[PDB]
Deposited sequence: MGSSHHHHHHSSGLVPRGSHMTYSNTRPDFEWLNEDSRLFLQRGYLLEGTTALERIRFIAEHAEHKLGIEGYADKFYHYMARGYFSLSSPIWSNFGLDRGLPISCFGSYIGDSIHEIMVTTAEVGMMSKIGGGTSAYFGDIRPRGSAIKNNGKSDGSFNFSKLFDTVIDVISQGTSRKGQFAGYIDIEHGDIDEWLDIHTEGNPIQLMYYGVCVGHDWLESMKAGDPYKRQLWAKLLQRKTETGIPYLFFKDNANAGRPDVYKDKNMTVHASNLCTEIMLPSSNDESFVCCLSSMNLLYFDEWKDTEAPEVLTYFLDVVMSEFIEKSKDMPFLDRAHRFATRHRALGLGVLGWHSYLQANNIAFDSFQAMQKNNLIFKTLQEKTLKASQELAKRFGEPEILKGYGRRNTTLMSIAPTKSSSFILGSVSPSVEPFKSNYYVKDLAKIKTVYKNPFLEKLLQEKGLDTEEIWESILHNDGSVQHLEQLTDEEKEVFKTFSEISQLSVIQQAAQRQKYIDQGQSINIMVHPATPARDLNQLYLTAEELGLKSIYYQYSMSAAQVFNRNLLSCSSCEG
């Protein structure tokens, strides 16, 4: 019934033309080229037509670097770049040049600052915040930039980092994350007054700005694949969007590529080879990064990482879409059942594919004897533009912001079956911030299915992330949305619950205009 490329409507074509495609290349032409180029690099007969078919059915979203650069001379097809900053000017300049080159090329960058000695240390040093000014300037000066720096909450310079983005502060452009350990938080909860005041200030900053990001470093490291545990490959920090969980060091900067399965069609593709085909595709994308980076000035640490690890980040979008297509409320037991099923299925299929890839092409150095091609397979990145392109489905695992901001097609259908598909009804929804909770014509059950992100239990967001985390070898970009009237006490408990449940990170805390945190 659904035509091939239904998703590729006039909105999507325009978006792609204006953003990603070279003048004189159409969207369809580009998809065919990508499919054929991948087949050629894999050496697998029939691969292109399989990949093309799955594209045609709307099962795959490809990352913007892949749309822009895959199979072409320009740019790189990677979606993150994470550097470790050693405690020396030499190593600071190495990272500076990486960030510069990547800010020109694009795909976001990040770095770990926590091993830089703090302000006042003998060399007297100016500390880690002082060096953050260099990266903030690099991205101010060079663009295609976006950069995130990570600092430990126990670091000598934490107070300086907590004023990033405040009025007049030197740092206005770069983002940051704070690495927070289990023992530190247990000391805070047990009553330590300094930790209690620092934590309070961090929460105040996050309400005011959305940031810092939180990196629960002990959850991240406890959740690493065995290979990284076996070889003491510590995850110091995450990436620009907080979903990546890969080790960086003096000799290696993590990189990864991404593309995403459209969960709207889970019941169509769950027993197909679509996830495996996408895994194969991401592996050839990494082969391209390796080939392109081998002679690229300043990218030697990333070239090394990609060569030895071959880390991939296959993600998802359309989670809320899938739930709505099945008349399931986001915060429900039935949603939790589907969450387990979907992510279990993806874990199994992507791992199987990585095992087959090692049989065909060999294990990279870090995985010799481990039996797969890729150190990691899955990560749940944000997908705002990618979701738009692919039929305006819901972003990643996030609830729809609202029903009308774009009209929710499942709400539309429901309104049509009730004869309520009228300008007056829709205008009422627009005037209520895309909510339907005001509408007396809808049952409570129907209202539940179409709650907005703001109306949904934020505890349910966290719990669902915790539930699926066991099936995801990297991480998940998890946003929450909180009313500005929310007591600090309630935010405090939500973040503490996040760490307790094993979440490796939290991304942005969004606000809205003037029980959702403590019940699900």
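- By the record, the deposited chain contains unmodelled runs at 1-25, 149-152, 174-178, 440-449, 559-564, 571-574, with no C-alpha atoms placed there.
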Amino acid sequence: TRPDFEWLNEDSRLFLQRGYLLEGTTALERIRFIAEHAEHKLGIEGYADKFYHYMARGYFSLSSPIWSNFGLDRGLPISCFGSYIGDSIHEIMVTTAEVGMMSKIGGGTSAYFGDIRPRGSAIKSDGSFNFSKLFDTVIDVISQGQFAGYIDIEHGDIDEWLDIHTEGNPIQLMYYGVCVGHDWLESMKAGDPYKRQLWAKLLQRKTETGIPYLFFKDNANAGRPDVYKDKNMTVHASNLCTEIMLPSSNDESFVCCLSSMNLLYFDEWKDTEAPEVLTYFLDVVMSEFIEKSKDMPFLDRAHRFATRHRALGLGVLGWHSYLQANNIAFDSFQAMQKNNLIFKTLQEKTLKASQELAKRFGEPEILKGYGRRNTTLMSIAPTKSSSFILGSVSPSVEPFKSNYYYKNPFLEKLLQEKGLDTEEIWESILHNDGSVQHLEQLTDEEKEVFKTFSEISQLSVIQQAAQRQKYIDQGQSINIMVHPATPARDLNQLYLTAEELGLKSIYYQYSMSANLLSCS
From here on, numbers count along this sequence of modelled residues.
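- With 497-505 and 8-16 compared on mean CA B-factor from the PDB entry, the stretch scoring higher is 8-16.
- Stretches 411-419 and 306-314 differ in mean C-alpha B factor, with the higher average recorded for 411-419.
- Based on the entry's C-alpha B-factors, the most elevated value among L246, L134, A220, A122 belongs to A122.
- In this entry, the residue among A329, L346, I429, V255 with the greatest C-alpha B factor is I429.
- Ranked by Cα temperature factor within the chain, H483 sits in the highest third according to the deposited record.
- The PDB entry assigns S187 a C-alpha temperature factor belonging to the highest third of its chain's modelled residues.
- Per the PDB record, residue ranking by Cα B-factor puts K50 in the middle third of the chain.
- Among all modelled residues in this chain, the alpha-carbon of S454 has a temperature factor (C-alpha) in the highest third.
- Per the deposited record, the Cα B-factor of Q467 falls in the lowest third when ranked against the other modelled residues of its chain.
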